[PDB]
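Following: one structure in C-alpha cells, then a few remarks.
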Amino acid sequence: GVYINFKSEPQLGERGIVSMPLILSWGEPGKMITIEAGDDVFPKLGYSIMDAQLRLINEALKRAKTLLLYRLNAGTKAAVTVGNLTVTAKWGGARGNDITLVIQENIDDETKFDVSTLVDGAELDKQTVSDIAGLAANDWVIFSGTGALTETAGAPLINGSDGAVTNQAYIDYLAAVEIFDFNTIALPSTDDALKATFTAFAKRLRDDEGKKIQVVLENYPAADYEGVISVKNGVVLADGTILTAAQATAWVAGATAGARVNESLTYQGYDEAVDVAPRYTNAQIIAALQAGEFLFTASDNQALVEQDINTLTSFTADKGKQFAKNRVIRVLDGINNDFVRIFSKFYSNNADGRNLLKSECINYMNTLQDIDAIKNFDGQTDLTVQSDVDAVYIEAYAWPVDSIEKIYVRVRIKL
C-alpha cells in the first residue's frame with residue numbers, strides 16, 4: 001500500500017553596530033574595516049588599542065559590539081633605500097616613520113644576511129636571506145629592488161605622513177557606510193559643514209529610505225532632528241585624559257548603538273570618566289536640555305548623561321516631545337527595521353494573508369511588552385490589518401515605557 005504522513009517544518013533585531021570616519025596614521029584607506037569588541041587591532045591598525053592614536057576606537061567599543069571604521073586619508077608612505085634595497089611602508093602615514101631597517105651579516109653563515117624590521121625599536125620580523133630576491137613582504141613593509149644586499153646598523157624609513165584630508169573623503173565614507181547595516185555614526189569633528197551634511201544624510205536614510213539610524217555630532221543642536229544627537233561637552237577620564245565634545249561623540253555613538261530598545265542612557269555614567277569638561281550651572285543645564293543638547297554632568301566622581309536626548313526641539317502634534325528621547329527612537333526604529341525585515345523575508349492581499357500578518361505583528365508587539373520596551377499593549381484592539389488590490393495597511397498603537405502618550409504606527413505594504 002501507500003502510507004503518507006505530514007509534519008510541520010518550523011524555522012527583535014540586534015543593534016550594537018557603530019561606524020566612524022577617522023583620520024589615521026596607518027591602516028588600509030577608503031575601505032570599511034570591521035572590528036569586533038575585544039579584537040586585537042594591532043595587525044590592522046599598526047597600533048595597540050591603548051596607544052593614544054586609537055583612543056576613539058577604544059571609546060566607541062566601550063559600549064558597541066561592532067565598529068565599522070573608515071580611514072579617510074591614504075597619507076604618504078615612509079621609505080628608505082640602502083644600496084639596491086628599498087623598504088617602503090605597507091600603508092601611508094606618520095606611523096611609517098617609526099619603522100627602522102636593520103641588515104646584518106648572519107653569524108652562522110657569512111654568506112647570508114639577517115634582515116630585521118623594527119618598530120619603535122622592537123624587532124617584529126626577521127628574515128635570513130642570501131639576497132633581496134629571497135625577501136618576502138611582512139605586515140609592516142614591502143621590499144623592492146634587485147641584486148645584492150648591503151649591511152646597515154639602522155636605516156629608519158622617512159618621508160611618511162598623514163597629510164590633509166578633503167571634505168570629499170567624507171562623501172566617500174557616507175556612500176560606503178550606506179551599504180552596510182549599522183545603528184549609529186559618530187562624527188568626531190568640529191567642522192560645521194560636515195555636521196550639516198551628516199544631518200542631511202541622517203534625514204535621507206531615515207525618512208526617505210526607511211533605514212533608521214542616528215548620527216552623533218558635536219555641538220550642533222541646530223540639526224533639530226530626532227536622527228541627530230548633539231554632544232555639548234566632554235569628560236575627564238580616570239587616567240587624567242580630557243576628551244573634548246568632538247571626541248566624546250565616539251562613546252556616545254557606541255553607547256547609543258549598544259543600548260537595547262528598553263534601555264535609556266539617562267544618568268548612566270560615561271565609562272572610565274570621573275568628571276566632565278566643561279561643567280555647567282543648573283540654569284545652563286536647563287537651557288542646554290531645552291536646546292536639545294546631549295550633555296554630561298559630574299556627580300559622585302562620575303560623568304553622568306544628564307538626559308539621553310536627541311536634537312529634536314520643534315515638537316508638533318504628530319511628533320511630540322517623546323520623539324526627543326533616544327530610547328523612544330530605539331523602540332520605533334526597531335519596529336521599523338524589524339518589520340521591514342520580517343515582511344521582506346517571510347512575506348497575497350486576502351482575508352487569510354492579512355490575518356497571518358496581523359498575528360505575526362501582535363506576537364512581535366507582545367515580545368516588546370515582555371521586555372518592557374512598550375506597555376499597555378492589547379493585541380485584541382491595538383493592531384489591525386486592512387486591504388489598491390495588492391496593498392496591505394497595518395495600523396497599531398505602541399506605548400513606549402518612557403512616554404505617557406501612545407504612538408500611532410502605520411505600515412504600508414505593496415506586492
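Residues in the C-alpha cells are named by chain (A, B, ... in the order shown) and by number from 1 within that chain; ligands are numbered from 1 in the order shown.
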Practice item. Mind the document's chain letters and residue numbers, and return as number ranges by chain the residues of segment 47-130 of chain A that DSSP labels strand (DSSP E or B). Key: A: 66-71, 76, 79-82, 85-89, 99-105, 113-119, 122-129
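Straight-line separation from atom CA of residue 235 of chain A to atom CA of residue 184 of chain A: 20.6 Å.
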**Study point:** Expected answer as a PyMOL selection string: helix (DSSP H, G or I) residues in segment 109-356 of chain A
**Key:** chain A and resi 167-177+192-209+221-223+245-258+282-290+321-324+326-346+351-356
Expected file: the selected residues, C-alpha atoms, as a compact mmCIF listing (two decimals), in the first residue's frame:
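Saved as part15.txt:
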# COMPACT_ATOMS: atom_id res chain seq x y z
CA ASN A 167 35.85 67.05 2.88
CA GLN A 168 35.13 64.93 -0.19
CA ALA A 169 36.67 62.00 1.69
CA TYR A 170 33.63 62.17 3.99
CA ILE A 171 31.38 61.84 0.96
CA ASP A 172 33.15 58.63 0.01
CA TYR A 173 32.66 57.42 3.59
CA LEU A 174 28.91 58.06 3.65
CA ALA A 175 28.49 56.26 0.34
CA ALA A 176 30.39 53.23 1.64
CA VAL A 177 28.65 53.06 5.01
CA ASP A 192 30.16 72.80 10.84
CA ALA A 193 29.84 71.99 7.12
CA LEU A 194 30.32 68.28 7.80
CA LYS A 195 27.76 68.36 10.59
CA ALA A 196 25.16 69.77 8.19
CA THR A 197 25.94 67.09 5.63
CA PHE A 198 25.70 64.30 8.21
CA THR A 199 22.40 65.77 9.42
CA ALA A 200 21.02 65.69 5.87
CA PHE A 201 22.41 62.18 5.45
CA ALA A 202 20.51 61.01 8.53
CA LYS A 203 17.23 62.53 7.32
CA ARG A 204 17.53 60.88 3.92
CA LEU A 205 18.23 57.39 5.19
CA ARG A 206 15.65 57.59 7.99
CA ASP A 207 12.74 59.22 6.23
CA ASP A 208 13.35 58.65 2.54
CA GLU A 209 14.98 55.21 2.58
CA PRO A 221 21.68 71.41 18.22
CA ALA A 222 20.69 73.36 15.09
CA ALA A 223 20.01 69.97 13.48
CA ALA A 245 32.88 67.02 22.97
CA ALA A 246 34.02 66.02 19.49
CA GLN A 247 35.97 63.08 20.92
CA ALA A 248 33.04 62.22 23.20
CA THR A 249 30.84 61.50 20.16
CA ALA A 250 32.69 58.17 19.86
CA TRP A 251 31.45 56.82 23.20
CA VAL A 252 28.01 58.39 22.81
CA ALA A 253 27.58 56.71 19.41
CA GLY A 254 28.83 53.39 20.74
CA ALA A 255 26.58 53.62 23.80
CA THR A 256 23.56 54.55 21.71
CA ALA A 257 24.21 51.69 19.29
CA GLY A 258 24.79 49.26 22.17
CA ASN A 282 21.76 74.44 36.91
CA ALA A 283 20.46 77.22 34.65
CA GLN A 284 22.93 76.36 31.90
CA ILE A 285 21.95 72.68 32.00
CA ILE A 286 18.25 73.50 31.72
CA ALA A 287 18.91 75.85 28.81
CA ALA A 288 21.03 73.18 27.12
CA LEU A 289 18.38 70.47 27.53
CA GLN A 290 15.73 72.86 26.27
CA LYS A 321 8.37 65.57 22.87
CA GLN A 322 8.58 61.79 23.24
CA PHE A 323 10.49 61.69 19.94
CA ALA A 324 13.35 63.58 21.61
CA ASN A 326 16.63 58.21 22.32
CA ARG A 327 15.06 55.14 23.91
CA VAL A 328 11.78 56.05 22.18
CA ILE A 329 13.71 56.30 18.92
CA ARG A 330 15.28 52.87 19.55
CA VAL A 331 11.92 51.19 20.02
CA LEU A 332 10.39 52.90 16.99
CA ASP A 333 13.45 52.30 14.79
CA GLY A 334 13.28 48.70 15.98
CA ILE A 335 9.66 48.40 14.89
CA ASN A 336 10.55 49.93 11.54
CA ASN A 337 13.72 47.97 10.82
CA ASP A 338 12.35 44.69 12.16
CA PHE A 339 9.05 44.97 10.28
CA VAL A 340 10.82 45.80 7.01
CA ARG A 341 13.00 42.73 7.59
CA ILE A 342 10.19 40.36 8.63
CA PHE A 343 7.85 41.34 5.81
CA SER A 344 10.51 41.38 3.09
CA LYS A 345 11.78 37.96 4.14
CA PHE A 346 8.82 35.84 5.24
CA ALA A 351 -8.52 37.68 4.41
CA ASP A 352 -6.14 34.89 5.46
CA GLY A 353 -2.98 36.60 4.30
CA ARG A 354 -3.86 39.72 6.29
CA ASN A 355 -4.82 37.66 9.34
CA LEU A 356 -1.46 35.89 9.35
Point to revise | Contacts of residue 67 of chain A within 7 Å, only C-alpha atoms, excl. fewer than 5 positions in-chain, as a PyMOL selection string | key: chain A and resi 17-19+34-36+61
Can you spit out the residues from that selection as an mmCIF file, in the first residue's frame, using N, CA and C atoms?
data_model
loop_
_atom_site.group_PDB
_atom_site.id
_atom_site.type_symbol
_atom_site.label_atom_id
_atom_site.label_comp_id
_atom_site.auth_asym_id
_atom_site.auth_seq_id
_atom_site.Cartn_x
_atom_site.Cartn_y
_atom_site.Cartn_z
ATOM 1 N N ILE A 17 25.867 48.105 16.485
ATOM 2 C CA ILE A 17 26.815 48.456 15.437
ATOM 3 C C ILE A 17 27.016 49.958 15.266
ATOM 4 N N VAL A 18 28.248 50.404 15.482
ATOM 5 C CA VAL A 18 28.594 51.816 15.344
ATOM 6 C C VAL A 18 29.591 51.971 14.191
ATOM 7 N N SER A 19 29.593 53.134 13.539
ATOM 8 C CA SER A 19 30.526 53.389 12.442
ATOM 9 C C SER A 19 31.142 54.764 12.626
ATOM 10 N N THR A 34 36.155 46.283 9.754
ATOM 11 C CA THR A 34 35.241 45.794 10.766
ATOM 12 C C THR A 34 36.034 45.317 11.973
ATOM 13 N N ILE A 35 35.701 45.856 13.139
ATOM 14 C CA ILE A 35 36.381 45.489 14.371
ATOM 15 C C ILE A 35 35.353 45.097 15.417
ATOM 16 N N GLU A 36 35.478 43.882 15.935
ATOM 17 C CA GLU A 36 34.561 43.411 16.965
ATOM 18 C C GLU A 36 35.190 43.787 18.302
ATOM 19 N N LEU A 61 34.154 51.370 21.216
ATOM 20 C CA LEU A 61 33.931 49.975 21.549
ATOM 21 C C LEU A 61 33.704 49.701 23.033
#
Exercise for review: For residue 53 of chain A, work out the shell of residues within 12 Å, counting only C-alpha atoms and skipping chain neighbours fewer than 5 positions away, then give it as JSON, numbers by chain.
Suggested key: {"A": [22, 23, 24, 25, 26, 41, 42, 45, 46, 47, 48, 58, 59, 94, 95]}
Exercise for review: Please measure the separation of atom CA of residue 225 of chain A and atom CA of residue 319 of chain A, giving the value in Å to one decimal.
Suggested key: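 Pair atom CA of residue 225 of chain A / atom CA of residue 319 of chain A returns 10.7 Å.
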Check your understanding: Pick the closest to residue 31 of chain A from A:238, A:398, A:149, A:72: which is it, counting only C-alpha atoms?
Key -> A:72
Quick one: which segment 289-370 of chain A residues come within 8 Å of segment 263-266 of chain A, and what is the nearest atom pair for each with the distance in Å to one decimal, counting only C-alpha atoms, rows ordered by chain and ascending number, as a tab-separated table?
residue	atom	partner	partner_atom	distance
A:304	CA	A:266	CA	7.6
A:305	CA	A:266	CA	5.3
A:306	CA	A:266	CA	6.0
A:307	CA	A:266	CA	4.7
A:308	CA	A:266	CA	4.8
A:326	CA	A:264	CA	7.1
A:327	CA	A:264	CA	5.3
Revision key, fill the gap. Using only C-alpha atoms, the residue out of A:214, A:311, A:369, A:189 with shortest distance to residue 261 of chain A is A:369
As a compact mmCIF listing (two decimals) with N, CA and C atoms, in the first residue's frame, please: the residues near segment 96-109 of chain A (cut-off 8 Å, only C-alpha atoms, same-chain neighbours under 6 positions excluded).
# COMPACT_ATOMS: atom_id res chain seq x y z
N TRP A 26 47.96 55.14 9.97
CA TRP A 26 48.26 53.83 9.44
C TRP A 26 46.96 53.09 9.16
N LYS A 77 53.50 57.15 2.14
CA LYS A 77 54.27 56.02 2.65
C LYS A 77 55.72 56.38 2.96
N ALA A 78 56.17 56.00 4.15
CA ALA A 78 57.55 56.27 4.53
C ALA A 78 58.41 55.23 3.81
N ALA A 79 59.68 55.54 3.62
CA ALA A 79 60.56 54.61 2.94
C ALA A 79 62.03 54.96 3.16
N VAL A 87 62.95 49.83 1.07
CA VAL A 87 61.94 49.34 2.00
C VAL A 87 60.89 50.43 2.12
N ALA A 89 56.90 51.46 3.55
CA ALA A 89 55.81 51.15 4.47
C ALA A 89 54.63 50.54 3.72
N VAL A 115 67.83 40.26 7.88
CA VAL A 115 67.09 41.50 7.64
C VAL A 115 65.95 41.61 8.64
N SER A 116 66.07 42.56 9.55
CA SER A 116 65.06 42.74 10.57
C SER A 116 64.30 44.04 10.41
N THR A 117 63.01 43.99 10.74
CA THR A 117 62.15 45.16 10.65
C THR A 117 61.82 45.57 12.08
N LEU A 118 62.21 46.78 12.45
CA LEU A 118 61.96 47.29 13.79
C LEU A 118 60.89 48.37 13.79
N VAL A 119 60.07 48.35 14.83
CA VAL A 119 59.01 49.33 15.01
C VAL A 119 59.16 49.84 16.43
N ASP A 120 59.47 51.13 16.56
CA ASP A 120 59.69 51.74 17.86
C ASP A 120 60.82 51.00 18.58
N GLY A 121 61.82 50.58 17.82
CA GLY A 121 62.95 49.87 18.39
C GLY A 121 62.76 48.38 18.61
N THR A 128 66.22 35.69 7.22
CA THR A 128 67.60 35.38 6.85
C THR A 128 67.60 34.99 5.39
N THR A 150 73.16 45.05 1.27
CA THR A 150 74.23 45.81 1.92
C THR A 150 73.84 45.97 3.38
N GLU A 151 74.81 45.86 4.28
CA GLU A 151 74.54 45.98 5.71
C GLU A 151 74.16 47.39 6.15
N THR A 152 73.56 47.48 7.33
CA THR A 152 73.17 48.75 7.92
C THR A 152 72.83 48.52 9.38
N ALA A 153 73.41 49.34 10.25
CA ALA A 153 73.17 49.23 11.68
C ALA A 153 71.77 49.74 11.98
N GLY A 154 71.28 50.65 11.15
CA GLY A 154 69.96 51.20 11.36
C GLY A 154 69.60 52.21 10.29
N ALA A 155 68.58 51.89 9.51
CA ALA A 155 68.12 52.77 8.44
C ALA A 155 66.62 53.01 8.60
N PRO A 156 66.25 54.02 9.39
CA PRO A 156 64.84 54.36 9.62
C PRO A 156 64.15 54.83 8.35
N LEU A 157 62.90 54.42 8.16
CA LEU A 157 62.16 54.86 6.99
C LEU A 157 61.74 56.30 7.25
N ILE A 158 61.66 57.11 6.21
CA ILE A 158 61.26 58.50 6.38
C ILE A 158 60.33 59.00 5.29
N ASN A 159 59.91 60.25 5.42
CA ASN A 159 59.01 60.91 4.48
C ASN A 159 57.56 60.48 4.63
N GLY A 160 57.26 59.75 5.70
CA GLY A 160 55.89 59.32 5.91
C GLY A 160 55.08 60.44 6.53
N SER A 161 53.78 60.47 6.25
CA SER A 161 52.89 61.49 6.80
C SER A 161 51.42 61.17 6.54
Exercise for review: Tell me, in Å to one decimal, how far atom CA of residue 63 of chain A is from atom CA of residue 271 of chain A.
Suggested key: 8.7 Å
